[PDB]
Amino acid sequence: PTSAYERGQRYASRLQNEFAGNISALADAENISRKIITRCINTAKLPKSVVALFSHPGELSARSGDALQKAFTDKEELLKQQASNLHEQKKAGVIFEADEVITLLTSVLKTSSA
């Protein structure tokens, strides 16, 4: 298939041009729940580097991207920085995968694992 990120970028544009920022419209157009369009679009709002943490962009779920996007709203810098962190780690041969990535990214905001 095509990753959420991809789907997201596409939706986002049709949203902006073809439908003047009206979700419902785009949703009807694509014939799919509004939520989906939301999840994908928010996923595409994620910094390139974060997507880069995954072997294939398709490994970032519409659902996790969305969750991620929201969790880091007004914290893009933080996200970016913590991302390069994880990049440097796998640059050092460390190997995490999908589910582990999104969890690592998030740990930062949590007093818990932090």
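Note that residue numbering follows the sequence shown and begins at 1.
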The stretch carrying the higher mean Cα B factor in the deposited entry, 41-49 or 85-93, is 85-93
Ranking every modelled residue in this chain by its Cα temperature factor as given in the entry, which third contains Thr2? middle
Binned into thirds over the chain's modelled residues, the C-alpha B-factor of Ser55 lands in the highest
Of the three thirds of the chain ranked by Cα temperature factor, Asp66 occupies the lowest
Splitting the chain's C-alpha B-factors into thirds, which one does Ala25 fall into? middle
Please rank the C-alpha B-factors of the chain's modelled residues and tell me whether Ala98 sits in the lowest, middle or highest third. highest
